[PDB]
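Written out below as structure tokens is the structure these notes cover.
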Amino acid sequence: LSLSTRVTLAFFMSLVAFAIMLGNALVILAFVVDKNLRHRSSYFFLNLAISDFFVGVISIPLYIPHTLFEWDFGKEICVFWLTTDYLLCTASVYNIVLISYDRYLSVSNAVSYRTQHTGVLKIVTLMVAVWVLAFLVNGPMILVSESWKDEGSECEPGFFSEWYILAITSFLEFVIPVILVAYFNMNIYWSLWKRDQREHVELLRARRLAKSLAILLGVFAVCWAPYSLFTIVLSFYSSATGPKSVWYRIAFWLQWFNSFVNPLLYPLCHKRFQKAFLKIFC
Ligand SMILES: NCCc1c[nH]cn1
């Protein structure tokens, strides 16, 4: 490819990485500064922001020279990049699932949710469990499958050669999170709908709630399904390892776009966090 086009692509991808860094940095700054954001939802938002921020800082910036400018990762560097990227992505997915579970509990057991005493230790335990499971899904397999890789230098995970490992990983990182999020969102909507001139206002508010939940679920699914399905299909047809097509690269970038989108949906739509941002920037 021409040097000018490569430079332009590098600039755009660096802009994407900078945006990913900046949104989550703002979220973390709000959490650290306000000190009125010590609720469970705020801690989960902080976890998600940390995950997406370190997606912005490590994964994408390492990606640009490797792909656009032909820098050759070292084997250990490739292992580090793969492990960190998969860990961060799965951690983002699991943080979204945990946020959905928290909102479902707040809407279904509001009395117990309000009266319940939750210490910082339990919230930290939930966050650490999210991270631990995120690692357990991918890393123990990436490190083990590094041996399976051929002599030729390829920085995809080794288990990409086996389609069933891909199927299991996608089941534990995409399918179950999607099902859980859909269940929680549908239950929140059902809660409001059961609770529901006056009828017209109730209909409008129910429509708004449905639209919001559908937007969340659809964004998550649209971002995470393309690449997973592409990888599974290609591995089943043995095309997972080898040259990549343009659509494959777009699907690859969709997950990082999800990492970019998460800050503006879950944190930025919360009134407490909006107040924090307004105070900070004013
Ligand atoms: N979740 C596997 C790593 C990845 C895919 N797309 C972007 N990063």
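Chain lettering (A, B, ...) mirrors the order of the structure tokens, residue numbering begins at 1 for each chain separately, and ligand numbering begins at 1 in order of display.
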(Q) I need the helix (DSSP H, G or I) residues of region 87-276 of chain A per DSSP on the backbone, written as an MDAnalysis selection string. (A) chainID A and resid 87:108 110:115 120:148 158:161 163:195 198:236 246:265 271:276
Q.
Residues contacting ligand 1 - anything with an atom at most 9 Å away, using only C-alpha atoms and all ligand atoms - can you give me those as a list in words?
A.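 Counting only what the definition allows, namely only C-alpha atoms and all ligand atoms, the set is residues 55, 59, 60, 82, 83, 84, 85, 86, 87, 88, 89, 90, 224, 227, 228, 249, 250, 251, 252, 253, 254, 255, 256 and 257 of chain A.
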Those same residues, written as a compact mmCIF listing (two decimals), in the first residue's frame with N, CA, C and O atoms?
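What ended up in part.txt:
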```txt
# COMPACT_ATOMS: atom_id res chain seq x y z
N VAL A 55 -7.44 -0.80 27.15
CA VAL A 55 -7.57 -1.18 25.74
C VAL A 55 -7.01 -0.06 24.87
O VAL A 55 -6.27 -0.30 23.91
N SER A 59 -3.36 -1.95 23.61
CA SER A 59 -3.67 -2.79 22.46
C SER A 59 -3.50 -2.03 21.15
O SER A 59 -2.68 -2.40 20.30
N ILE A 60 -4.28 -0.97 20.96
CA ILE A 60 -4.33 -0.28 19.67
C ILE A 60 -2.97 0.33 19.35
O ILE A 60 -2.48 0.15 18.23
N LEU A 82 -1.45 -10.29 22.86
CA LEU A 82 -2.64 -11.12 22.74
C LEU A 82 -3.30 -11.31 24.10
O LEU A 82 -4.52 -11.13 24.24
N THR A 83 -2.51 -11.69 25.11
CA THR A 83 -3.08 -11.93 26.43
C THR A 83 -3.76 -10.67 26.97
O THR A 83 -4.90 -10.72 27.43
N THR A 84 -3.07 -9.53 26.90
CA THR A 84 -3.63 -8.30 27.43
C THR A 84 -4.89 -7.90 26.68
O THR A 84 -5.89 -7.51 27.30
N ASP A 85 -4.88 -8.00 25.35
CA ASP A 85 -6.03 -7.58 24.57
C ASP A 85 -7.25 -8.45 24.88
O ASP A 85 -8.35 -7.93 25.12
N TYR A 86 -7.07 -9.77 24.88
CA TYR A 86 -8.20 -10.65 25.16
C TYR A 86 -8.70 -10.46 26.59
O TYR A 86 -9.91 -10.42 26.83
N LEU A 87 -7.78 -10.32 27.55
CA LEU A 87 -8.18 -10.07 28.93
C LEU A 87 -9.02 -8.81 29.02
O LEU A 87 -10.09 -8.81 29.65
N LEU A 88 -8.56 -7.72 28.41
CA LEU A 88 -9.27 -6.45 28.53
C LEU A 88 -10.64 -6.52 27.86
O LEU A 88 -11.62 -5.99 28.40
N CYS A 89 -10.72 -7.15 26.69
CA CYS A 89 -12.01 -7.24 26.00
C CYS A 89 -13.01 -8.07 26.80
O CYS A 89 -14.17 -7.66 27.00
N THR A 90 -12.58 -9.24 27.28
CA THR A 90 -13.48 -10.06 28.08
C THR A 90 -13.85 -9.37 29.38
O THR A 90 -14.98 -9.52 29.86
N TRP A 224 -19.81 -7.19 18.95
CA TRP A 224 -19.08 -8.41 19.31
C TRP A 224 -19.42 -9.63 18.46
O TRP A 224 -18.64 -10.59 18.46
N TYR A 227 -17.04 -10.32 14.47
CA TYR A 227 -15.70 -10.91 14.52
C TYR A 227 -15.75 -12.34 15.04
O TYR A 227 -15.05 -13.22 14.51
N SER A 228 -16.55 -12.60 16.07
CA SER A 228 -16.63 -13.95 16.62
C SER A 228 -17.15 -14.93 15.58
O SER A 228 -16.57 -16.01 15.38
N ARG A 249 -10.94 -7.47 9.03
CA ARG A 249 -10.30 -6.41 9.80
C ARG A 249 -11.34 -5.45 10.39
O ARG A 249 -11.18 -4.97 11.52
N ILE A 250 -12.40 -5.15 9.64
CA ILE A 250 -13.46 -4.30 10.16
C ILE A 250 -14.12 -4.96 11.37
O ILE A 250 -14.38 -4.31 12.40
N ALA A 251 -14.40 -6.26 11.27
CA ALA A 251 -14.96 -6.98 12.41
C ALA A 251 -14.00 -6.95 13.59
O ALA A 251 -14.43 -6.82 14.75
N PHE A 252 -12.70 -7.07 13.32
CA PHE A 252 -11.70 -6.96 14.38
C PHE A 252 -11.80 -5.61 15.08
O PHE A 252 -11.73 -5.53 16.32
N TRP A 253 -11.95 -4.54 14.31
CA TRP A 253 -12.00 -3.20 14.89
C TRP A 253 -13.33 -2.90 15.57
O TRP A 253 -13.41 -1.94 16.35
N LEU A 254 -14.37 -3.68 15.28
CA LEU A 254 -15.67 -3.41 15.89
C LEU A 254 -15.62 -3.54 17.41
O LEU A 254 -16.30 -2.80 18.13
N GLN A 255 -14.82 -4.48 17.93
CA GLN A 255 -14.75 -4.64 19.38
C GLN A 255 -14.06 -3.46 20.04
O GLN A 255 -14.48 -3.00 21.12
N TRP A 256 -13.00 -2.94 19.43
CA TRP A 256 -12.38 -1.73 19.95
C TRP A 256 -13.32 -0.54 19.84
O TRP A 256 -13.29 0.36 20.69
N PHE A 257 -14.17 -0.52 18.80
CA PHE A 257 -15.20 0.51 18.74
C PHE A 257 -16.20 0.36 19.88
O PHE A 257 -16.69 1.36 20.41
```
(Q) So that I can see what lies close to residue 78 (chain A), please list as a VMD selection string the residues with an atom at most 9 Å from it, counting only C-alpha atoms and leaving out residues fewer than 5 positions away in the same chain. (A) chain A and resid 73 83 154 to 156
Deliver the residues from the most recent selection as a file, using C-alpha atoms, as a CSV table (one decimal), in the first residue's frame.
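The new file result21.csv reads:
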```csv
chain,number,residue,atom,x,y,z
A,73,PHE,CA,6.4,-8.3,17.2
A,83,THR,CA,-3.1,-11.9,26.4
A,154,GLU,CA,1.7,-15.3,13.0
A,155,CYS,CA,0.3,-13.2,15.9
A,156,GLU,CA,-3.1,-14.8,16.1
```
Q: Have a look at A:217, A:189, A:80, A:181 and name the one nearest to residue 143 (chain A); count only C-alpha atoms.
A: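 Smallest separation from residue 143 (chain A) among the options: A:80.
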Q. Which polymer residues have any atom within 12 Å of an atom of residue 57 (chain A), counting only C-alpha atoms, with same-chain residues fewer than 6 positions away left out, as number ranges by chain?
A. A: 14-25, 50-51, 63-64, 81, 84-85, 88, 256, 259-260
Generate a file of the selected residues that holds C-alpha atoms, formatted as a short mmCIF file (atom, residue, chain, number, x, y, z; two decimals), in the first residue's frame.
```cif
data_model
loop_
_atom_site.label_atom_id
_atom_site.label_comp_id
_atom_site.auth_asym_id
_atom_site.auth_seq_id
_atom_site.Cartn_x
_atom_site.Cartn_y
_atom_site.Cartn_z
CA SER A 14 -4.29 6.77 16.61
CA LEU A 15 -7.24 9.16 16.85
CA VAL A 16 -9.50 6.24 17.75
CA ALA A 17 -7.04 5.08 20.41
CA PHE A 18 -6.80 8.63 21.79
CA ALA A 19 -10.59 8.88 22.05
CA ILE A 20 -10.75 5.50 23.82
CA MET A 21 -8.10 6.69 26.26
CA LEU A 22 -9.71 10.09 26.85
CA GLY A 23 -13.30 9.02 27.54
CA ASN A 24 -12.31 6.42 30.11
CA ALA A 25 -9.72 8.78 31.60
CA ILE A 50 -10.26 1.00 33.50
CA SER A 51 -10.66 -1.93 31.11
CA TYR A 63 -1.38 -2.63 16.78
CA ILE A 64 -0.55 0.33 14.53
CA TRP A 81 -0.26 -8.21 23.33
CA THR A 84 -3.63 -8.30 27.43
CA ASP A 85 -6.03 -7.58 24.57
CA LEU A 88 -9.27 -6.45 28.53
CA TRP A 256 -12.38 -1.73 19.95
CA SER A 259 -14.56 -0.19 23.93
CA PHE A 260 -14.81 3.39 22.60
#
```
Q. Out of A:160, A:248, A:193, A:101, which residue has the shortest atom-to-atom distance to residue 180 (chain A) when counting only C-alpha atoms?
A. A:101
Q | Residues near residue 265 (chain A), cut-off 12 Å, only C-alpha atoms, skip fewer than 3 positions along chain, as a list in words | A | residues 23, 24, 27, 45, 48, 49, 96, 99, 212, 213, 215, 216, 217, 219, 220, 258, 259, 260, 261, 262, 268, 269, 270, 271, 273 and 274 of chain A
Restrict the calculation to only C-alpha atoms, then for each residue of region 6-121 of chain A with any atom at most 9 Å from an atom of region 176-179 of chain A give the closest atom pair and their distance in Å to one decimal, rows by chain and rising residue number, as CSV.
```
residue,atom,partner,partner_atom,distance
A:93,CA,A:177,CA,7.1
A:94,CA,A:177,CA,7.1
A:96,CA,A:177,CA,8.4
A:97,CA,A:177,CA,6.0
```
Saved selection, atoms kept: N, CA and C atoms, as a PDB file, in the first residue's frame:
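Contents of the output file part.pdb:
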```pdb
ATOM      1  N   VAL A  93     -16.624  -6.966  28.593  1.00  0.00           N
ATOM      2  CA  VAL A  93     -17.893  -7.673  28.426  1.00  0.00           C
ATOM      3  C   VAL A  93     -18.468  -8.057  29.786  1.00  0.00           C
ATOM      4  N   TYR A  94     -17.623  -8.597  30.666  1.00  0.00           N
ATOM      5  CA  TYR A  94     -18.101  -9.040  31.970  1.00  0.00           C
ATOM      6  C   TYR A  94     -18.493  -7.863  32.855  1.00  0.00           C
ATOM      7  N   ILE A  96     -19.875  -5.133  31.661  1.00  0.00           N
ATOM      8  CA  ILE A  96     -21.208  -4.798  31.164  1.00  0.00           C
ATOM      9  C   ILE A  96     -22.243  -5.747  31.755  1.00  0.00           C
ATOM     10  N   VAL A  97     -21.924  -7.043  31.796  1.00  0.00           N
ATOM     11  CA  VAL A  97     -22.858  -8.013  32.365  1.00  0.00           C
ATOM     12  C   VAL A  97     -23.121  -7.706  33.835  1.00  0.00           C
TER      13      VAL A  97
END
```
Q. Hey, can you check how far CA of residue 74 (chain A) sits from CA of residue 148 (chain A)?
A. 16.6 Å
Q) With distances taken over only C-alpha atoms, which of A:79, A:115, A:54, A:71 is nearest to residue 139 (chain A)? A) A:79
Q | Coordinates-based distance that separates CA of residue 91 (chain A) from CA of residue 106 (chain A) (Å, one decimal) | A |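 For CA of residue 106 (chain A) relative to CA of residue 91 (chain A), the distance reads 22.2 Å.
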